[PDB]
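*Asks:* The listed protein sequences correspond, in order, to chains C and B. Residue numbers for the first sequence follow the entry's author numbering, beginning at 746 and rising by one. Residue numbers for the second sequence follow the entry's author numbering, beginning at 993 and rising by one.
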Amino acid sequence: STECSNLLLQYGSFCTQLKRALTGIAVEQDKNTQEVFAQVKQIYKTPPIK
Amino acid sequence: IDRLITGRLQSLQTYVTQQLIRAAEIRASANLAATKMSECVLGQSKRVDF
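1. Look at the alpha carbon of residue 1022/B and the alpha carbon of residue 757/C, and state the distance between them as a whole number of angstroms.
2. Apart from the five residues on each side of it in sequence, which residues of its chain come closer than 8 Å, Cβ to Cβ, to residue 1020/B?
3. Please report how far the alpha carbon of residue 997/B lies from the alpha carbon of residue 759/C, in whole angstroms.
4. Along the chain, where does the alpha helix (DSSP H) containing residue 760/C start, and where does it finish?
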């Protein structure tokens, strides 16, 4: 809606702060999964003998 | 003026709440720094990848 989009600019940077917080959160789960799972440098393979 | 007071109170409450969450993160990092000076600097940690 154009009218609500015009009225939403009067509130300053509420949406920008919300987007910045959610983008930091989304970067944070990538950092979480990288620091949990990617502690190994080179990927090793199991030999066929078990 | 009540509209401006409510808006600025909401902005200050958002600022204080985000600073409280950020201060919790800084407090966790400071507890980690206290642990990493007690164990690393004031000792020798036997924990692997610590």
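Yeah, the Cβ is synthetic: ideal placement off N, Cα and C, and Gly gets one too.
*Replies:* According to the data block:
1. Working through the second sequence from its first residue, we reach residue 1022/B at position 30. Working through the first sequence from its first residue, we reach residue 757/C at position 12. C-alpha separation (whole angstroms): 33 Å.
2. Your numbering for residue 1020/B matches position 28 in the second sequence. Excluding sequence neighbours, residue 1020/B sits near nothing in its chain.
3. What you label residue 997/B is simply residue 5 of the second sequence in a count that begins at 1. What you label residue 759/C is simply residue 14 of the first sequence in a count that begins at 1. So the two alpha carbons sit approximately 16 Å from each other.
4. For this step, residue 760/C is matched to residue 15 along the first sequence. Unbroken alpha helix (DSSP H) run through residue 760/C: 759–782.
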